[PDB]
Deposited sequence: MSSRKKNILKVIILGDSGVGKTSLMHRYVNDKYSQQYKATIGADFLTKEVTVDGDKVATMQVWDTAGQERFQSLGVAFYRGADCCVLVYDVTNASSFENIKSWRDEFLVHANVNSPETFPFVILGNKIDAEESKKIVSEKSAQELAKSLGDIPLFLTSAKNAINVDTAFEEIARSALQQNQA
């Protein structure tokens, strides 16, 4: 019952912060020897699993979902999302590249409007173009939508693991 989730994206977008929000429900501006952190996945009563979250911080062996993160205030980080999808696929040796699941997170949605660079339309259009990859806008800092996004990351990983 072990789900292996990898998080990729440019330095600075909030990958580490997203993991800490999901695993420990905390954020510090001030935020190791562990290749991954674990969190129990809880469902509608239902069924349970352990998620391993691997931060960029054998690595690819057994991945069940890959999360691609950009920062809505950093245009280059968004322009590199397809490159990260492709980097994963050209190195991870997944069983079925056609169906392996990705999820895209556009982080720092708490930022003031004046600092946001990437539109929601632009990101929806890219996520569609790459194969209808699910897209979530998030804030690790303010606890906006990280729960919703990881519910889909966990669902995706459960499907792929089984």
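Stretches with no C-alpha atoms in the model, relative to the deposited sequence starting at 1
In sequence order, the gaps with no modelled C-alpha are 1-6, 38-40, 67-76, 182.
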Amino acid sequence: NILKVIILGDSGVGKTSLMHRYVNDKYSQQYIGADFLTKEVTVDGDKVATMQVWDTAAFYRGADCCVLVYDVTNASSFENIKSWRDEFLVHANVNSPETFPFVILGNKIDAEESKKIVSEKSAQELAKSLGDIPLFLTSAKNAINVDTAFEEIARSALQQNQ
From here on, numbers count along this sequence of modelled residues.
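State which stretch shows the higher mean Cα B factor in the entry: 124-132 or 36-44.
Result of the comparison: 36-44.
94-102 set against 47-55, stretch whose average Cα temperature factor tops the other in the entry
Here the higher of the two C-alpha B-factor means belongs to 47-55.
Residue of maximum C-alpha B factor among 69, 66, 109, 118, per deposited coordinates
Comparing C-alpha B-factors across 69, 66, 109, 118, the maximum falls on 118.
So where's residue 161 on the chain's Cα temperature factor ranking, which third?
Its C-alpha B-factor, which the entry lists for residue 161, ranks in the middle third among residues of this chain.
Lowest, middle or highest third of the chain for the C-alpha temperature factor of residue 142?
Middle third, going by the recorded CA B-factors of the chain.
Pull the Cα B-factor of residue 148 out of the PDB entry and bin it into the chain's lowest, middle or highest third.
For residue 148, whose C-alpha B-factor we compare with every modelled residue in the chain, the answer is the lowest third.
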